[PDB]
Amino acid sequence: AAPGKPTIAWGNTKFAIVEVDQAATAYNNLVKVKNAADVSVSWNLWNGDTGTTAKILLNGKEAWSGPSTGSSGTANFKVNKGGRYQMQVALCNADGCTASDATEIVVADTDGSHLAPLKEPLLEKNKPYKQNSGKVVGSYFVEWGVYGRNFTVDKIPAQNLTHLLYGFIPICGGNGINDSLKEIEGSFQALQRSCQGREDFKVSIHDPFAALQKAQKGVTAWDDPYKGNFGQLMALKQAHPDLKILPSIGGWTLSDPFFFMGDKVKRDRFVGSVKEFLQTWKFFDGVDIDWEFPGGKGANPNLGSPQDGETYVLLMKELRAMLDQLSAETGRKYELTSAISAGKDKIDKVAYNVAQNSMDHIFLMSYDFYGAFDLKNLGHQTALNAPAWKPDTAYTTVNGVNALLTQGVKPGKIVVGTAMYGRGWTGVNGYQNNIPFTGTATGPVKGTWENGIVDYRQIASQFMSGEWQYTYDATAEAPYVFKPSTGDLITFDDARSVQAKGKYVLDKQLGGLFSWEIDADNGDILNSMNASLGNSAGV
């Protein structure tokens, strides 16, 4: 007779090729990369002969074999490819093999190969678009948005994007290296903790809880190897295999380390850490460099050197050569991008006509042109053109694109930025001819999360009734709302200024549009990005 039918023993069924240690706060102990998951299966035989060989089958294929020596057994073996597998124990002798009922097991890997697709319905005013324009449609999702803003990866309108950028991946470094973080409560200490035991100038994860452990839709089971933003991004990738998801390194508060990268020892260390990071977190499709800014005038008033332009071009070249080597190992296409100042004075510190040869896209940060950081000189924060009242306005979108084009940047590389938020002032007074921008302010507008800044969502739902005037400047291509009694003035992008940006992109054969930041939109901004670049409606 063939052997009796074994019963799989109750026990853990989820395993990981990259393991996350659940009691560790240092990135180096938090993440353990192995060549294969260590899987274990046990079984009992309640009736019949135990056979002479026991096998573990995964989808019918043997992963382990050994002598069957008793009524109970355990197999420990390695599985090097992620997936959900129908696992059976089979007992064999000379007269046949008898296989257990299948138990599904999970072998987790950071491509999300073990995850059900995260395919969620569009929310708020988001309408479905097909990505068939061949243009970039990008937005940033912020790591910390999962807390007070309560905006998680399942709320991203992912079908309506070609690029999703994750803000922000930090670079390790204490005093002198990440001093801009100190202006944010607990933020500098969170990075030191994450970077404990890790060399400076290597990438890390700023909030490992938000990135990997916070329970979220699709990753709420205690034994899910990956949770938080990264676990959901993995499942998002499974739903949207052609979405490019790029880790963004830098930003306003995490740019200080770039200023030291004229030292090739530090630069090589950084590039190698980026390579390792992408080998570790397979769901990412490249890297976005957000260095604010070569030459200084970023958050840190003590950094900035004339050497920064040269450092920037060397960094892009070296990152491209590392990515080409990774593409060759893996067979995937990897992208290299950078978010840059749209101000001509900052643009002219870098030879983008040289760096473009390494880069897929330049994300032109054509926003924050004006704001509550200057109470004397008011203007449109994200306009396409100058306004009629000051045609020589320095900071406009067209001036930033023209600076790049004049360098010799190819128009197809240039991705024009739109704002999903407004900037604003209170107490505006002293203006001429009913144009509030010609006056001066006494403070920042009351903000959604921080002073002087309002989510586009709140502008649309709260500041288009009562005493609020609404004006679309058609010369600038720029909307604004104004409440004269309090002098509250807010400058923002709307469906119409975005449509003008998209038309301009098509006119000038630019690369597409991108936006900061995805949690602040109600759908109006992203619908308009998609429509204006000519993407067709419908799922």
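All residue numbers are counted from 1 along the displayed sequence.
In this entry, the higher average B-factor at the C-alpha atoms falls on 81-89, of the pair 244-252 and 81-89. Look at the C-alpha B-factors of 286-294 and of 113-121. On average they run higher in 113-121.
Highest CA B-factor among the listed residues (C172, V265, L378, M322): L378. Annotation for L164, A394, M420, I362: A394 ranks highest, by Cα B-factor. Sort the modelled residues of the chain by CA B factor and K508 lands in the highest third.
Looking at the C-alpha B-factors along this chain, the one for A190 belongs to the lowest third. Split the chain's modelled residues into thirds by C-alpha temperature factor. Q499 is in the highest one. Ranked by C-alpha B-factor against the other modelled residues of its chain, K202 falls in the lowest third. In the PDB entry, a CA B factor belonging to the middle third of its chain's modelled residues is recorded for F209.
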